[PDB]
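**Q** You'll find query-v9.csv just under this line, and it carries CSV, C-alpha atoms and all ligand atoms.
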```
chain,number,residue,atom,x,y,z
G,1,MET,CA,0.0,0.0,0.0
G,2,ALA,CA,0.9,3.7,-0.2
G,3,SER,CA,3.6,4.7,2.2
G,4,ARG,CA,2.1,8.0,3.4
G,5,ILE,CA,-1.3,9.4,4.6
G,6,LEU,CA,-2.5,13.0,4.0
G,7,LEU,CA,-3.0,15.1,7.1
G,8,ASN,CA,-5.4,18.0,7.5
G,9,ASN,CA,-2.5,20.4,7.5
G,10,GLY,CA,-1.8,19.4,3.8
G,11,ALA,CA,1.4,17.4,4.6
G,12,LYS,CA,1.9,13.7,4.1
G,13,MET,CA,2.9,11.4,7.1
G,14,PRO,CA,4.6,8.0,6.7
G,15,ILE,CA,2.2,5.3,8.0
G,16,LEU,CA,5.1,3.3,9.5
G,17,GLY,CA,7.4,4.9,12.0
G,18,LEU,CA,10.0,3.8,14.6
G,19,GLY,CA,9.1,4.0,18.3
G,20,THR,CA,11.7,5.1,20.8
G,21,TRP,CA,10.2,4.7,24.3
G,22,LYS,CA,12.5,2.4,26.4
G,23,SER,CA,15.2,2.4,23.6
G,24,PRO,CA,18.4,2.7,25.8
G,25,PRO,CA,20.4,5.8,25.1
G,26,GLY,CA,23.5,3.7,24.3
G,27,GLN,CA,21.5,1.7,21.6
G,28,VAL,CA,19.0,4.2,20.1
G,29,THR,CA,21.5,6.1,17.9
G,30,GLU,CA,22.4,2.9,16.1
G,31,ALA,CA,18.7,1.8,16.1
G,32,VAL,CA,17.7,5.0,14.3
G,33,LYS,CA,20.6,4.9,11.9
G,34,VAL,CA,19.7,1.3,10.9
G,35,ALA,CA,16.0,2.3,10.6
G,36,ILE,CA,16.8,5.1,8.2
G,37,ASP,CA,19.1,2.9,6.2
G,38,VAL,CA,16.4,0.2,5.8
G,39,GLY,CA,13.7,2.7,4.8
G,40,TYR,CA,12.1,4.3,7.9
G,41,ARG,CA,11.3,8.0,7.4
G,42,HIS,CA,9.2,8.6,10.5
G,43,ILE,CA,10.6,8.5,14.1
G,44,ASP,CA,8.3,8.9,17.2
G,45,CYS,CA,10.0,10.7,20.0
G,46,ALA,CA,9.3,12.4,23.3
G,47,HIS,CA,11.1,14.5,25.9
G,48,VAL,CA,9.9,12.2,28.7
G,49,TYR,CA,11.7,9.3,27.0
G,50,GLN,CA,15.0,10.9,28.0
G,51,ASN,CA,16.8,9.8,24.8
G,52,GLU,CA,16.1,12.6,22.3
G,53,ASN,CA,19.7,13.8,22.2
G,54,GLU,CA,20.8,10.3,21.1
G,55,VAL,CA,17.9,10.0,18.6
G,56,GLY,CA,19.1,13.4,17.2
G,57,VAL,CA,22.7,12.2,16.8
G,58,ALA,CA,21.4,9.5,14.4
G,59,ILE,CA,19.1,11.9,12.5
G,60,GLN,CA,21.8,14.5,12.1
G,61,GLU,CA,24.4,11.9,10.9
G,62,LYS,CA,22.1,10.5,8.3
G,63,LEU,CA,21.3,14.0,7.0
G,64,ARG,CA,25.1,14.8,7.0
G,65,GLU,CA,25.7,11.5,5.1
G,66,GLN,CA,23.0,12.5,2.6
G,67,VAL,CA,21.2,9.2,3.1
G,68,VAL,CA,18.0,11.3,3.3
G,69,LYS,CA,17.0,14.9,3.0
G,70,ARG,CA,15.3,16.7,5.9
G,71,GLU,CA,12.1,17.1,3.8
G,72,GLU,CA,11.9,13.3,3.5
G,73,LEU,CA,11.9,12.8,7.2
G,74,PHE,CA,8.8,13.0,9.5
G,75,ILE,CA,9.9,13.6,13.1
G,76,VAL,CA,7.3,13.6,15.9
G,77,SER,CA,7.7,14.6,19.5
G,78,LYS,CA,5.4,15.4,22.4
G,79,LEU,CA,5.0,18.1,25.1
G,80,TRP,CA,5.3,16.5,28.5
G,81,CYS,CA,2.6,17.0,31.2
G,82,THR,CA,4.7,19.4,33.4
G,83,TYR,CA,4.9,21.9,30.5
G,84,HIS,CA,1.2,22.6,29.8
G,85,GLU,CA,1.6,26.3,30.9
G,86,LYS,CA,1.5,29.1,28.4
G,87,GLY,CA,4.9,30.3,29.3
G,88,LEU,CA,6.6,26.9,29.2
G,89,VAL,CA,5.4,25.4,25.9
G,90,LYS,CA,7.8,27.2,23.6
G,91,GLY,CA,10.8,26.4,25.7
G,92,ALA,CA,9.8,22.7,26.0
G,93,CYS,CA,9.4,22.5,22.2
G,94,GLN,CA,12.8,24.3,21.7
G,95,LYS,CA,14.6,21.9,24.1
G,96,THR,CA,13.2,19.0,22.0
G,97,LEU,CA,14.3,20.7,18.8
G,98,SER,CA,17.8,21.4,20.2
G,99,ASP,CA,18.2,17.8,21.4
G,100,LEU,CA,16.9,16.3,18.1
G,101,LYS,CA,19.2,18.6,16.1
G,102,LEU,CA,16.3,20.0,14.2
G,103,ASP,CA,14.9,23.5,13.2
G,104,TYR,CA,11.3,22.2,13.0
G,105,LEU,CA,9.2,19.2,14.0
G,106,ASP,CA,6.9,17.7,11.5
G,107,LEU,CA,4.4,17.0,14.3
G,108,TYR,CA,4.2,18.0,17.9
G,109,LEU,CA,1.6,16.3,20.2
G,110,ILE,CA,0.2,17.1,23.6
G,111,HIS,CA,1.5,13.9,25.1
G,112,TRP,CA,-1.3,13.4,27.7
G,113,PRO,CA,-4.4,15.5,28.4
G,114,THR,CA,-3.3,15.7,32.1
G,115,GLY,CA,-1.2,18.8,33.1
G,116,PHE,CA,1.0,18.4,36.1
G,117,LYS,CA,2.7,21.0,38.4
G,118,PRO,CA,5.9,22.3,36.6
G,119,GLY,CA,9.3,21.5,38.1
G,120,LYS,CA,12.2,19.1,37.7
G,121,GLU,CA,10.1,16.0,38.4
G,122,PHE,CA,8.2,14.5,35.5
G,123,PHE,CA,5.6,13.1,38.0
G,124,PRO,CA,5.3,15.5,40.9
G,125,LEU,CA,3.5,13.7,43.7
G,126,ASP,CA,1.8,14.6,47.0
G,127,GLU,CA,2.8,12.7,50.1
G,128,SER,CA,0.1,10.0,49.3
G,129,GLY,CA,1.3,9.4,45.8
G,130,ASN,CA,-1.3,11.3,43.8
G,131,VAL,CA,0.1,13.3,40.9
G,132,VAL,CA,-0.1,17.1,41.6
G,133,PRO,CA,-2.2,18.7,38.8
G,134,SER,CA,-1.8,21.9,37.0
G,135,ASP,CA,-4.8,24.2,36.7
G,136,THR,CA,-4.1,24.9,33.0
G,137,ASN,CA,-6.9,23.4,30.9
G,138,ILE,CA,-6.5,21.5,27.5
G,139,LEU,CA,-7.9,24.5,25.5
G,140,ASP,CA,-5.2,26.9,26.8
G,141,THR,CA,-2.6,24.3,26.1
G,142,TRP,CA,-3.9,23.9,22.6
G,143,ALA,CA,-3.7,27.7,22.0
G,144,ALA,CA,0.0,27.5,23.0
G,145,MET,CA,0.5,24.6,20.5
G,146,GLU,CA,-1.1,26.8,17.8
G,147,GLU,CA,1.4,29.5,18.5
G,148,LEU,CA,4.2,27.0,17.7
G,149,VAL,CA,2.8,26.5,14.2
G,150,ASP,CA,2.6,30.3,13.7
G,151,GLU,CA,6.3,30.7,14.8
G,152,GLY,CA,7.6,28.0,12.4
G,153,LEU,CA,8.8,25.6,15.1
G,154,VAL,CA,6.3,22.8,14.1
G,155,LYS,CA,4.5,22.0,10.8
G,156,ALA,CA,1.6,20.2,12.5
G,157,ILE,CA,0.1,19.9,16.0
G,158,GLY,CA,-1.9,17.1,17.5
G,159,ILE,CA,-2.9,15.2,20.7
G,160,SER,CA,-2.3,11.9,22.3
G,161,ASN,CA,-4.3,9.8,24.8
G,162,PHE,CA,-7.4,12.1,24.3
G,163,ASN,CA,-10.8,10.5,24.7
G,164,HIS,CA,-13.5,11.4,22.4
G,165,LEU,CA,-15.0,14.1,24.6
G,166,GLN,CA,-11.5,15.6,25.0
G,167,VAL,CA,-11.1,15.6,21.2
G,168,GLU,CA,-14.5,17.2,20.9
G,169,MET,CA,-13.5,19.9,23.4
G,170,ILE,CA,-10.6,20.8,21.1
G,171,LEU,CA,-12.8,20.7,18.0
G,172,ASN,CA,-15.4,22.9,19.7
G,173,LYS,CA,-12.8,25.4,21.1
G,174,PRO,CA,-13.9,29.0,20.7
G,175,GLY,CA,-11.7,30.6,18.2
G,176,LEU,CA,-10.0,27.3,17.2
G,177,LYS,CA,-7.2,28.1,14.7
G,178,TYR,CA,-5.8,24.7,13.8
G,179,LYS,CA,-7.5,21.4,14.2
G,180,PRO,CA,-5.5,18.5,15.7
G,181,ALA,CA,-3.8,16.6,12.8
G,182,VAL,CA,-3.4,13.4,14.8
G,183,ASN,CA,-4.6,11.6,17.9
G,184,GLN,CA,-1.9,9.1,19.0
G,185,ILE,CA,-3.6,6.3,21.1
G,186,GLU,CA,-2.9,2.8,22.2
G,187,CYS,CA,-4.3,0.3,19.7
G,188,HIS,CA,-3.8,-3.4,19.1
G,189,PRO,CA,-5.9,-6.5,18.9
G,190,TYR,CA,-6.6,-6.5,22.6
G,191,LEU,CA,-7.6,-2.8,22.6
G,192,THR,CA,-9.1,-2.3,19.2
G,193,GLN,CA,-10.5,1.3,19.8
G,194,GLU,CA,-13.4,1.1,17.2
G,195,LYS,CA,-15.4,3.9,18.7
G,196,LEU,CA,-12.6,6.4,19.2
G,197,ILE,CA,-11.0,5.6,15.8
G,198,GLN,CA,-14.3,6.1,14.0
G,199,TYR,CA,-14.9,9.4,15.8
G,200,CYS,CA,-11.5,10.8,15.0
G,201,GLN,CA,-11.5,9.6,11.4
G,202,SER,CA,-14.9,11.1,10.8
G,203,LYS,CA,-13.4,14.5,11.8
G,204,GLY,CA,-10.4,14.2,9.5
G,205,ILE,CA,-8.0,13.5,12.4
G,206,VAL,CA,-5.5,10.7,11.6
G,207,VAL,CA,-5.0,8.1,14.3
G,208,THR,CA,-1.6,6.7,15.2
G,209,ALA,CA,-1.5,3.4,17.0
G,210,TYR,CA,1.1,3.0,19.7
G,211,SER,CA,2.2,-0.2,21.5
G,212,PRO,CA,1.0,-2.2,18.4
G,213,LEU,CA,2.9,-5.3,19.7
G,214,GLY,CA,1.5,-4.9,23.2
G,215,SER,CA,4.7,-3.3,24.6
G,216,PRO,CA,6.3,-6.6,25.9
G,217,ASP,CA,9.1,-4.5,27.5
G,218,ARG,CA,6.8,-2.1,29.4
G,219,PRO,CA,8.3,-1.7,32.9
G,220,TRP,CA,5.0,-2.7,34.7
G,221,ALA,CA,4.4,-6.0,32.8
G,222,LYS,CA,3.2,-8.9,34.9
G,223,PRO,CA,3.6,-12.6,34.0
G,224,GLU,CA,-0.1,-13.2,33.8
G,225,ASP,CA,-0.9,-10.4,31.3
G,226,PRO,CA,-2.0,-11.4,27.8
G,227,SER,CA,0.7,-11.5,25.1
G,228,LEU,CA,-0.1,-10.6,21.5
G,229,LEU,CA,3.2,-11.9,20.1
G,230,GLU,CA,2.5,-15.3,21.7
G,231,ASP,CA,-1.2,-15.6,21.0
G,232,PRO,CA,-1.6,-18.8,19.0
G,233,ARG,CA,-4.6,-17.3,17.1
G,234,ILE,CA,-2.4,-14.4,15.8
G,235,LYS,CA,0.5,-16.7,15.1
G,236,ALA,CA,-1.8,-18.8,12.9
G,237,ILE,CA,-2.7,-15.8,10.8
G,238,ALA,CA,1.0,-15.0,10.5
G,239,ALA,CA,1.8,-18.6,9.5
G,240,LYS,CA,-0.9,-18.6,6.8
G,241,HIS,CA,0.6,-15.4,5.2
G,242,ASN,CA,4.3,-16.6,5.7
G,243,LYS,CA,5.0,-13.6,7.8
G,244,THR,CA,5.9,-13.1,11.5
G,245,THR,CA,3.4,-12.3,14.2
G,246,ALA,CA,4.9,-8.8,14.6
G,247,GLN,CA,4.5,-8.2,10.8
G,248,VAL,CA,0.8,-9.1,11.1
G,249,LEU,CA,0.4,-6.9,14.2
G,250,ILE,CA,2.0,-4.0,12.2
G,251,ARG,CA,0.0,-4.6,9.0
G,252,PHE,CA,-3.3,-4.7,11.0
G,253,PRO,CA,-3.5,-1.0,11.9
G,254,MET,CA,-2.2,0.0,8.5
G,255,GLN,CA,-5.3,-1.5,6.9
G,256,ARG,CA,-7.5,0.4,9.2
G,257,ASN,CA,-6.0,3.7,7.8
G,258,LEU,CA,-3.9,4.1,10.9
G,259,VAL,CA,-0.3,5.2,11.3
G,260,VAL,CA,1.7,2.6,13.4
G,261,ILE,CA,5.0,3.1,15.4
G,262,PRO,CA,6.5,-0.3,16.5
G,263,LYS,CA,9.6,0.1,18.7
G,264,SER,CA,12.7,-2.0,18.4
G,265,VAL,CA,16.4,-1.6,19.1
G,266,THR,CA,17.2,-4.9,17.5
G,267,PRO,CA,18.6,-4.3,13.9
G,268,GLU,CA,17.1,-7.5,12.5
G,269,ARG,CA,13.6,-6.7,13.9
G,270,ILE,CA,13.8,-3.1,12.8
G,271,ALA,CA,14.3,-4.4,9.2
G,272,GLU,CA,11.7,-7.1,9.6
G,273,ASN,CA,9.1,-4.7,11.0
G,274,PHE,CA,9.4,-2.5,7.8
G,275,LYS,CA,8.7,-5.4,5.4
G,276,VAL,CA,4.9,-5.0,5.7
G,277,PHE,CA,4.0,-3.3,2.4
G,278,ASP,CA,4.0,-6.4,0.3
G,279,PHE,CA,1.2,-8.6,1.7
G,280,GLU,CA,-2.5,-8.1,2.6
G,281,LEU,CA,-4.7,-9.3,5.4
G,282,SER,CA,-8.1,-10.3,4.1
G,283,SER,CA,-11.3,-8.7,5.4
G,284,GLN,CA,-11.9,-12.0,7.4
G,285,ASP,CA,-8.4,-11.7,8.9
G,286,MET,CA,-9.1,-8.1,9.9
G,287,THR,CA,-12.5,-8.9,11.5
G,288,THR,CA,-10.9,-11.9,13.2
G,289,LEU,CA,-8.1,-9.8,14.7
G,290,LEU,CA,-10.7,-7.2,15.8
G,291,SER,CA,-12.6,-10.0,17.6
G,292,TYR,CA,-9.7,-10.4,20.0
G,293,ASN,CA,-10.5,-7.0,21.8
G,294,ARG,CA,-10.6,-7.3,25.5
G,295,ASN,CA,-10.2,-3.6,26.5
G,296,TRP,CA,-6.7,-4.4,27.8
G,297,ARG,CA,-4.4,-1.3,28.2
G,298,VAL,CA,-0.6,-1.1,28.4
G,299,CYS,CA,-0.6,2.6,29.3
G,300,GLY,CA,-2.5,4.3,32.1
G,301,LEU,CA,-1.4,5.2,35.7
G,302,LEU,CA,-2.9,4.7,39.1
G,303,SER,CA,-1.3,8.0,40.2
G,304,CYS,CA,-3.4,9.9,37.7
G,305,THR,CA,-6.8,8.4,38.1
G,306,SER,CA,-8.2,11.3,40.1
G,307,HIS,CA,-6.8,14.0,37.8
G,308,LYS,CA,-9.7,16.0,36.4
G,309,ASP,CA,-8.5,15.2,32.8
G,310,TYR,CA,-7.6,11.6,33.3
G,311,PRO,CA,-8.7,10.1,29.9
G,312,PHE,CA,-9.8,6.6,30.7
G,313,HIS,CA,-12.9,6.9,32.9
G,314,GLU,CA,-15.0,7.5,29.8
G,315,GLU,CA,-15.9,4.5,27.7
G,316,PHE,CA,-14.0,6.1,24.8
G,401,LIG,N1,1.8,8.6,23.1
G,401,LIG,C1,2.0,7.8,24.2
G,401,LIG,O1,1.5,8.0,25.3
G,401,LIG,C2,2.8,6.5,23.9
G,401,LIG,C3,2.7,5.5,24.8
G,401,LIG,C4,3.3,4.3,24.5
G,401,LIG,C5,4.1,4.2,23.3
G,401,LIG,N2,4.2,5.2,22.5
G,401,LIG,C6,5.1,5.2,21.3
G,401,LIG,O2,4.8,4.0,20.6
G,401,LIG,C7,6.0,3.2,20.5
G,401,LIG,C8,5.7,1.7,20.4
G,401,LIG,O3,5.1,1.2,21.6
G,401,LIG,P1,5.9,0.5,22.8
G,401,LIG,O4,7.3,0.9,22.8
G,401,LIG,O5,5.1,0.6,24.0
G,401,LIG,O6,5.8,-1.1,22.4
G,401,LIG,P2,5.7,-2.0,21.1
G,401,LIG,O7,6.2,-1.3,19.9
G,401,LIG,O8,4.3,-2.6,21.1
G,401,LIG,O9,6.6,-3.2,21.5
G,401,LIG,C9,8.1,-3.0,21.7
G,401,LIG,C10,8.6,-4.3,22.1
G,401,LIG,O10,8.5,-5.3,21.1
G,401,LIG,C11,9.7,-5.9,20.8
G,401,LIG,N3,9.7,-6.2,19.4
G,401,LIG,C12,9.8,-5.3,18.3
G,401,LIG,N4,9.8,-5.8,17.2
G,401,LIG,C13,9.7,-7.2,17.4
G,401,LIG,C14,9.6,-8.3,16.6
G,401,LIG,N5,9.6,-8.2,15.2
G,401,LIG,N6,9.5,-9.5,17.1
G,401,LIG,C15,9.5,-9.6,18.5
G,401,LIG,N7,9.6,-8.6,19.4
G,401,LIG,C16,9.6,-7.4,18.8
G,401,LIG,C17,10.8,-4.9,21.2
G,401,LIG,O11,12.0,-5.5,21.5
G,401,LIG,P3,13.5,-5.0,21.1
G,401,LIG,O12,13.4,-3.5,21.2
G,401,LIG,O13,14.3,-5.6,22.2
G,401,LIG,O14,13.7,-5.5,19.7
G,401,LIG,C18,10.1,-4.3,22.5
G,401,LIG,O15,10.3,-5.1,23.6
G,401,LIG,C19,6.8,3.7,21.7
G,401,LIG,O16,8.2,3.3,21.6
G,401,LIG,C20,6.6,5.2,21.6
G,401,LIG,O17,7.4,5.7,20.6
G,401,LIG,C21,3.6,6.4,22.8
G,402,LIG,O1,3.6,8.0,28.1
G,402,LIG,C1,4.3,7.3,27.2
G,402,LIG,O2,4.5,7.7,26.0
G,402,LIG,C2,4.8,6.0,27.6
G,402,LIG,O3,4.8,5.8,29.0
G,402,LIG,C3,5.7,6.5,29.8
G,402,LIG,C4,6.9,6.8,29.3
G,402,LIG,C5,7.8,7.5,30.2
G,402,LIG,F1,9.0,7.8,29.7
G,402,LIG,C6,7.4,7.7,31.5
G,402,LIG,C7,6.2,7.4,31.9
G,402,LIG,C8,5.3,6.8,31.1
G,402,LIG,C9,3.9,6.5,31.6
G,402,LIG,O4,3.7,6.1,32.8
G,402,LIG,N1,2.9,6.8,30.8
G,402,LIG,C10,1.5,6.7,31.2
G,402,LIG,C11,0.8,8.0,31.6
G,402,LIG,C12,1.5,9.2,31.6
G,402,LIG,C13,0.8,10.4,32.0
G,402,LIG,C14,-0.5,10.3,32.4
G,402,LIG,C15,-1.1,9.1,32.4
G,402,LIG,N2,-2.5,9.0,32.8
G,402,LIG,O5,-3.0,7.9,33.0
G,402,LIG,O6,-3.2,10.1,32.9
G,402,LIG,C16,-0.5,7.9,32.0
```
Show me this structure written as structure tokens.
**A**
Amino acid sequence: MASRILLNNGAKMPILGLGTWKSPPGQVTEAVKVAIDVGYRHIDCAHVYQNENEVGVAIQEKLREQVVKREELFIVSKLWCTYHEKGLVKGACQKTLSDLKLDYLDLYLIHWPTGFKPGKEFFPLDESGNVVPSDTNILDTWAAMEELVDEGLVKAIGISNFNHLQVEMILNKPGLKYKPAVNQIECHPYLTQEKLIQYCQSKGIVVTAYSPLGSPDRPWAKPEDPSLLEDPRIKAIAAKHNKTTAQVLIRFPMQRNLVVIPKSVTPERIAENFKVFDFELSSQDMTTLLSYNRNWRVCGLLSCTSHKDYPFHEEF
């Protein structure tokens, strides 16, 4: 299938990107270099991942080598929760730009709808372990994101982990200047997200699926959790197509008109994961994979469940 999807800012976004959460700083430079060498043109980053400097070393070296041109890359980062304040957004974006070695981002996302108290800690806590909120609302944070477009720092802005009512709040914002281009959400066969995806797509917002392999390296994994990569039903579909389970899990969101961002630091897997443009899942395969939904989430924190903007109390 076609490699890029058209966004509502008029730019094209590669439907396959490389994830970088948990990629160790001593491995991620080589991972990104390999990824670019084997065809990746989209890298998903974030300040909170603590490895943007090292991602940037790889990007800058592949630009210097003229393996790629800057206009052929699609670099995404995200505004962390402790920077939702009007006066902090530009500096947060600039720190990311400096670290990534870039003079603009292709896409900058509000990482989570929950704003936290600014400071050095990424998760400021009270003495009982609840996150300490900011009083800055999502609409004022969105206005600050719009400024970044108007200053040339970012080509597109979007959101991540927003539920449909939160997306709707953005879309209904008085004086809205730029619609979100993307909502980046968790999505895989155990969390299929039909309702939220349909809503976003109906509004022209492109959905990016994160943790498409079920994030087997997530730090809070428990032995009893379900495992996509080991699910015999998914392995069977992969065997029928002579592809790996990971390749099926990556192709699945692609055929739903989603962008997908599998993470790896393993060179062989980085290359394997890109070899997904040359086979098709049938409609029956797609519906079968959708049938595995169990509303199982990788990402979501106990410490945030009383924040006024916690996204996962709503059904979708
Ligand atoms: N917006 C958000 O709030 C948010 C939240 C979560 C994730 N994300 C983004 O989405 C990206 C992907 O999600 P994720 O990192 O949670 O997990 P994931 O991509 O679902 O899974 C990554 C894990 O799968 C392994 N893996 C990769 N390719 C494989 C293959 N072909 N065969 C077997 N195992 C394979 C990786 O191992 P190795 O690396 O050891 O090869 C790693 O342990 C993140 O890195 C981040 O960029 C965003
Ligand atoms: O948020 C991501 O992209 C992946 O997960 C993390 C990555 C990090 F580097 C550090 C922490 C997380 C993490 O716990 N992320 C989960 C998370 C964050 C913020 C708010 C909530 N919430 O439920 O409202 C959940």
**Q** How big is the axis-aligned box around all listed atoms of ligand LIG 402 (chain G) once 8 Å goes on each side, and where's its centre, in Å to one decimal, as lines of an AutoDock Vina configuration file?
**A**
```
center_x = 2.9
center_y = 8.1
center_z = 29.5
size_x = 28.2
size_y = 20.6
size_z = 23.0
```
**Q** Could you jot down the CA of residue 100 in chain G to CA of residue 55 in chain G separation for me, Å, one decimal place?
**A**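 Interatomic distance, CA of residue 100 in chain G to CA of residue 55 in chain G: 6.4 Å.
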**Q** Report the closest atom pair, with its distance in Å rounded to one decimal, for each residue of chain G that has an atom no farther than 7 Å from ligand LIG 401 (chain G); count all atoms listed in the file, sort by chain and then rising residue number, and write it as a tab-separated table.
**A**
```
residue	atom	partner	partner_atom	distance
G:18	CA	G:LIG401	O17	6.8
G:19	CA	G:LIG401	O17	3.3
G:20	CA	G:LIG401	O16	4.0
G:21	CA	G:LIG401	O16	3.6
G:22	CA	G:LIG401	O4	6.5
G:23	CA	G:LIG401	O12	6.6
G:44	CA	G:LIG401	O17	4.8
G:45	CA	G:LIG401	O17	5.7
G:111	CA	G:LIG401	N1	5.7
G:112	CA	G:LIG401	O1	6.5
G:160	CA	G:LIG401	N1	5.3
G:161	CA	G:LIG401	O1	6.1
G:184	CA	G:LIG401	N1	5.5
G:185	CA	G:LIG401	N1	6.2
G:186	CA	G:LIG401	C3	6.7
G:210	CA	G:LIG401	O2	3.9
G:211	CA	G:LIG401	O8	3.2
G:212	CA	G:LIG401	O8	4.3
G:213	CA	G:LIG401	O8	3.3
G:214	CA	G:LIG401	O8	4.2
G:215	CA	G:LIG401	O6	3.3
G:216	CA	G:LIG401	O15	4.9
G:217	CA	G:LIG401	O15	4.1
G:218	CA	G:LIG401	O5	6.3
G:229	CA	G:LIG401	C15	6.9
G:246	CA	G:LIG401	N5	4.8
G:247	CA	G:LIG401	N5	6.7
G:261	CA	G:LIG401	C7	5.2
G:262	CA	G:LIG401	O7	3.6
G:263	CA	G:LIG401	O7	3.9
G:264	CA	G:LIG401	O12	3.3
G:265	CA	G:LIG401	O12	4.1
G:266	CA	G:LIG401	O14	4.2
G:269	CA	G:LIG401	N5	4.5
G:270	CA	G:LIG401	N4	6.5
G:272	CA	G:LIG401	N5	6.1
G:273	CA	G:LIG401	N5	5.5
G:299	CA	G:LIG401	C3	6.3
```
**Q** Please save C-alpha atoms of the selected residues as a CSV table (one decimal), keeping the file's coordinate frame.
**A**
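Below is the file that was written, again.csv:
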```
chain,number,residue,atom,x,y,z
G,18,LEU,CA,10.0,3.8,14.6
G,19,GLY,CA,9.1,4.0,18.3
G,20,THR,CA,11.7,5.1,20.8
G,21,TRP,CA,10.2,4.7,24.3
G,22,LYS,CA,12.5,2.4,26.4
G,23,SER,CA,15.2,2.4,23.6
G,44,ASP,CA,8.3,8.9,17.2
G,45,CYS,CA,10.0,10.7,20.0
G,111,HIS,CA,1.5,13.9,25.1
G,112,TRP,CA,-1.3,13.4,27.7
G,160,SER,CA,-2.3,11.9,22.3
G,161,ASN,CA,-4.3,9.8,24.8
G,184,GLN,CA,-1.9,9.1,19.0
G,185,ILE,CA,-3.6,6.3,21.1
G,186,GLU,CA,-2.9,2.8,22.2
G,210,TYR,CA,1.1,3.0,19.7
G,211,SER,CA,2.2,-0.2,21.5
G,212,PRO,CA,1.0,-2.2,18.4
G,213,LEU,CA,2.9,-5.3,19.7
G,214,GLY,CA,1.5,-4.9,23.2
G,215,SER,CA,4.7,-3.3,24.6
G,216,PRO,CA,6.3,-6.6,25.9
G,217,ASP,CA,9.1,-4.5,27.5
G,218,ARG,CA,6.8,-2.1,29.4
G,229,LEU,CA,3.2,-11.9,20.1
G,246,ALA,CA,4.9,-8.8,14.6
G,247,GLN,CA,4.5,-8.2,10.8
G,261,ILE,CA,5.0,3.1,15.4
G,262,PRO,CA,6.5,-0.3,16.5
G,263,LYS,CA,9.6,0.1,18.7
G,264,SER,CA,12.7,-2.0,18.4
G,265,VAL,CA,16.4,-1.6,19.1
G,266,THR,CA,17.2,-4.9,17.5
G,269,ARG,CA,13.6,-6.7,13.9
G,270,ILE,CA,13.8,-3.1,12.8
G,272,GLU,CA,11.7,-7.1,9.6
G,273,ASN,CA,9.1,-4.7,11.0
G,299,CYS,CA,-0.6,2.6,29.3
```
**Q** Pick from G:47, G:90, G:243, G:235: nearest to ligand LIG 402 (chain G), with only C-alpha atoms and all ligand atoms counted?
**A**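 Of the candidates, the smallest distance to ligand LIG 402 (chain G) is held by G:47.
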**Q** Write out as a tab-separated table the residues of chain G that have any atom within 6 Å of an atom of ligand LIG 402 (chain G), one row each with the nearest atom pair and its distance in Å to one decimal, counting all atoms listed in the file, sorted by chain and then rising number.
**A**
```
residue	atom	partner	partner_atom	distance
G:48	CA	G:LIG402	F1	4.6
G:49	CA	G:LIG402	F1	4.1
G:112	CA	G:LIG402	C13	5.6
G:114	CA	G:LIG402	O6	5.7
G:299	CA	G:LIG402	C10	5.0
G:300	CA	G:LIG402	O5	3.7
G:301	CA	G:LIG402	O5	4.1
G:304	CA	G:LIG402	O6	4.8
G:310	CA	G:LIG402	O6	4.7
```
**Q** So the first atom is CA of residue 296 in chain G and the second is CA of residue 169 in chain G; what is the distance between them in Å, to one decimal place?
**A**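 Between these atoms lies a distance of 25.6 Å.
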**Q** Identify which of the residues G:6, G:139, G:58, G:207 lies closest to residue 37 in chain G, counting all atoms listed in the file when measuring atom-to-atom distances.
**A**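 Ranking G:6, G:139, G:58, G:207 by distance to residue 37 in chain G, first place goes to G:58.
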**Q** What does the distance from CA of residue 76 in chain G to CA of residue 260 in chain G come to in Å, to one decimal?
**A**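 For CA of residue 76 in chain G relative to CA of residue 260 in chain G, the distance reads 12.6 Å.
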**Q** Report as JSON lines: every residue of range 74-132 of chain G with an atom at most 10 Å from range 173-180 of chain G, its closest pair of atoms, and their distance in Å to one decimal, counting all atoms listed in the file, with rows sorted by chain and ascending residue number.
**A**
```
{"residue": "G:108", "atom": "CA", "partner": "G:180", "partner_atom": "CA", "distance": 10.0}
{"residue": "G:109", "atom": "CA", "partner": "G:180", "partner_atom": "CA", "distance": 8.7}
{"residue": "G:110", "atom": "CA", "partner": "G:180", "partner_atom": "CA", "distance": 9.8}
```
**Q** Could you dump the residues just selected with C-alpha atoms as a short mmCIF file (atom, residue, chain, number, x, y, z; two decimals), in the frame of the given file?
**A**
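Once written, again_18.cif looks like this:
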```
data_model
loop_
_atom_site.label_atom_id
_atom_site.label_comp_id
_atom_site.auth_asym_id
_atom_site.auth_seq_id
_atom_site.Cartn_x
_atom_site.Cartn_y
_atom_site.Cartn_z
CA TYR G 108 4.20 18.00 17.90
CA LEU G 109 1.60 16.30 20.20
CA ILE G 110 0.20 17.10 23.60
#
```
